[PDB]
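The structure under discussion appears below in the form of structure tokens.
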Amino acid sequence: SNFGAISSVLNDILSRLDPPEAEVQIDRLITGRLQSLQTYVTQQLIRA
Amino acid sequence: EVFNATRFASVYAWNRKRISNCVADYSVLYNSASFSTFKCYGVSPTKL
Ligand SMILES: *[C@@H]1O[C@H](CO)[C@@H](O)[C@H](O)[C@H]1NC(C)=O
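As given, the protein sequences belong to chains B and A, one line each in that order.
All letters in the first sequence, in the order written, are residues 968 to 1015 by the entry's author numbering.
All letters in the second sequence, in the order written, are residues 340 to 387 by the entry's author numbering.
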């Protein structure tokens, strides 16, 4: 999932842009994925 | 054959040439009348 970032592939954001921009995008990846874990994790705890 | 072409089509109707089935000629672009600007939106210039 894009999570708002320009692509869902980690490297393909990099090699497209100069990193000082990627630092911004990779947030919207991390902020997305990190969340998606905490969703999944908090699920498991409840389900556990 | 695109860059150094003598007479371009006008901005309103621009001639579309597919560069295809070849090995990158980008190295020869260095020494020339070159470009007023070289701006890569799709990838960083090193990845070319
Ligand atoms: C275009 O012509 C210049 C010489 O005017 C040359 O240096 C350059 O390599 C040419 N471009 C390509 C892609 O061959």
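Where a beta carbon is used, it is the ideal one built from N, C-alpha and C, also for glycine.
query, result
"Check: residue 296 of chain A C-beta below 8 angstroms from any heavy atom of ligand 1", "For chain A, the structure presents residues 340 to 387; residue 296 of chain A sits outside this window and is missing."
"Residue interval of the alpha helix (DSSP H) (run including B:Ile973)", "Careful: B:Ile973 lies outside any alpha helix (DSSP H) and carries neither H nor E."
"Candidates A:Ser375, A:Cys361, A:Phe342 and A:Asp364, of which the one nearest A:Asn354 by Cα", "A:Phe342"
"Proximity test, A:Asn370 beta-carbon vs ligand 1 heavy atom, cut-off 8 angstroms", "yes"
"Meets three-Cβ-pair contact criterion under 8 angstroms: the region 344 to 353 of chain A and the region 986 to 1005 of chain B", "no"
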